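Shown next as structure tokens: one chain only, the form deposited in one PDB entry.
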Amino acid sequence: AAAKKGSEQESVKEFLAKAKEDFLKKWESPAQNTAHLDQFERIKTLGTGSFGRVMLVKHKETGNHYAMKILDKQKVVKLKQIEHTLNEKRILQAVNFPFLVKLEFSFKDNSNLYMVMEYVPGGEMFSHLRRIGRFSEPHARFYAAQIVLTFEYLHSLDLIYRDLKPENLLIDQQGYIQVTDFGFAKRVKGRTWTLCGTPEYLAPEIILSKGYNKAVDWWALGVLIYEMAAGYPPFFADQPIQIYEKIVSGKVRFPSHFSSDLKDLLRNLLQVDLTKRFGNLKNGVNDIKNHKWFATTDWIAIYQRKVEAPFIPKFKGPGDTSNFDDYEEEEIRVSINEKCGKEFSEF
């Protein structure tokens, strides 16, 4: 069923071929310095990271709201994330998919790097999932389908995403997913070795320092679907080391309310053996798209956003952040001296 090569597969191939053409053009000549800090009114912090924060901002000349990520160059350097940050910006300005947040502008000043992305007012999947407890399987399937198509797109461009988790998935006004946080995304043919990701979501080969490829994204999809449907991840503990021990052990247990189709899909995604992991076989992503758990999924209708979403986030006008947690605010300071110019010259 997942091996067949009828007309439907050639439509996907044609689509992906054109997508790659567009991507490569932008990949080879990245947009650079397309706005300035003073063009935006900074409103409120939407999230934080080790070397920066994302703020809600309003573009003064259009009155559009955006999510501006502000990264402190010195902090990036200290955490050895220079090349990863260059990856992020180069990749994000090049890609285009219905479930990928768009990078609208980027620029830098003496102190910071700036990435101005679409604002997604529905908040993080993480917030909704924790509050409601768990999603129904139809609800989880809906979101899962979008990630499947997104990884199909990303992987065809030789990209690996490497940080799938509910914290990194936003819900837009139509109730669809927007993937953000490209901090660990990388364009690589063959294999790579960087230890990165989030402990709950790491594939065994990452933990064992094996060298790895896009199959780690499909493992992470397994973890995501489990957590969405269960309300907790398949491997959790108080300390990361114990998480890693569970992950490499080869043992996974499922809630008794998991359908047999769901458990079967998850056993093939949470497969420690790469020669057996779904997404990594001869049939590629089609082993996943044709799995019984996705029988009701109309992939085209999903892509076209014609499917009715499980829920629509509360929307109290534009600029409303009620779907986001509050964070401590800090004044943006721009040094009178250029920091780390050489390191980020191509940004």
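Think of the rigid core as the biggest set of C-alphas that the two forms share within 1.5 Å after superposition. So that there is no doubt, residue numbering starts at 1 and follows the sequence shown.
Higher average CA B factor: 244-252, of the stretches 114-122 and 244-252. Checked against the record, the higher mean CA B factor of 178-186 and 191-199 lies with 191-199. Per the PDB record, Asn283 has a higher Cα B-factor than any other of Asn64, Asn283, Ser29, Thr48.
Between the residues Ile70, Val57, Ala295, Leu37, it is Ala295 that shows the highest Cα B-factor in the PDB record. When the CA B factors of the chain's modelled residues are split into thirds, the value for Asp325 lands in the lowest one. Residue-level temperature factors show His139 in the middle third of its chain, judged at the C-alpha atom. Per-chain ranking of the deposited C-alpha B factor places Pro234 in the middle third. In the PDB entry, a CA B factor belonging to the middle third of its chain's modelled residues is recorded for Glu152. Annotation for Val95: CA B-factor lies in the middle third of the chain's modelled residues.
Not on display, but discussed next: the form deposited in another entry.
Superposing the rigid core between the shown form and the other one leaves a single residue from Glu308, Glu28, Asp38, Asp298 with a C-alpha shift of at least 2 Å: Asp38. When the rigid core is held fixed, the Cα atom of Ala203 travels less than 2 angstroms between the shown form and the other one.
After superposition on the rigid core, displacement of the C-alpha of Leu71 between the shown form and the other one amounts to 2 Å or more. With the core held fixed between the shown form and the other one, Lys108 has its Cα displaced by at least 2 Å.
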